[PDB]
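S.K.: Protein chains in written order, with the deposited numbering: chain C, 1 to 40; chain A, 1 to 40; chain B, 1 to 40.
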């Protein structure tokens, strides 16, 4: 089911975003790769 | 042009995250593939 | 180490998503590609 994302973070080291999901026992997440960089 | 995201959902049936956009009639979304799992 | 995403914005021409990060000087971002479309 499409459930809400309640919190989103991005890890500096691994270039993974992690979305915490509003469902069930609270331990579901979704993860995807990203490119992280400093802007000008 | 930059388009604001109002909220995000993720679906464990489809393995897609969906971001809802503040744009036009309100019915646009941006989607991407994600992992979805239950953590420790 | 995870850092908070403060907001997400999607580019309306390229469909790239930018996540703004709460870290350091405020200028760090994470980016990934998306599929944008219009729903019912």
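For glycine and all other residues, C-beta sits at the position ideal for the given N, C-alpha and C.
1) If you drop the 5 nearest sequence neighbours on each side, which residues of the same chain put their C-beta closer than 7 Å to that of residue 22 of chain B?
2) Return the CA-CA distance between residue 13 of chain B and residue 25 of chain C, expressed in angstroms with no decimal places.
3) Under the three-state reduction of DSSP, which class applies to residue 33 of chain A: helix, strand or coil?
4) Looking only at C-alpha atoms, which of C:40, C:28, C:11, C:18 sits nearest to residue 40 of chain A?
5) Measure the C-alpha to C-alpha separation of residue 37 of chain A and residue 31 of chain C and round it to an integer number of angstroms.
6) Taking Cβ to Cβ, would you say residue 19 of chain C is nearer than 8 Å to residue 8 of chain C?
7) Apart from the five residues on each side of it in sequence, which residues of its chain come closer than 7 Å, Cβ to Cβ, to residue 33 of chain A?
8) What would DSSP say about residue 15 of chain A, mapped onto helix, strand or coil?
M.R.: Quick answer:
1) Taking the first residue of the third chain as position 1, residue 22 of chain B is located at position 22. The answer, listed in chain order, is 3, 4, 6.
2) Residue 13 of chain B sits at position 13 when you count from the first residue of the third chain. Residue 25 of chain C sits at position 25 when you count from the first residue of the first chain. Residue 13 of chain B and residue 25 of chain C: Cα-Cα distance of roughly 38 Å.
3) Looking up residue 33 of chain A in the second chain gives position 33. Strand.
4) The residue given as residue 40 of chain A occupies position 40 in the second chain. For the residues C:40, C:28, C:11, C:18, the minimum Cα distance to residue 40 of chain A belongs to C:28.
5) Along the second chain, one-based indexing puts residue 37 of chain A at 37. Along the first chain, one-based indexing puts residue 31 of chain C at 31. Between residue 37 of chain A and residue 31 of chain C, the C-alpha separation is close to 9 Å.
6) Within the first chain, the letter at position 19 stands for residue 19 of chain C. Within the first chain, the letter at position 8 stands for residue 8 of chain C. Against a cut-off of 8 Å, the Cβ pair of residue 8 of chain C and residue 19 of chain C comes out as a contact.
7) If you number the second chain from 1, residue 33 of chain A lands on position 33. Closer than 7 Å at the Cβ level, and outside the excluded window around residue 33 of chain A, lie 15, 16.
8) Indexing the second chain from 1 puts residue 15 of chain A at position 15. In this structure, residue 15 of chain A counts as coil in the three-state DSSP scheme.
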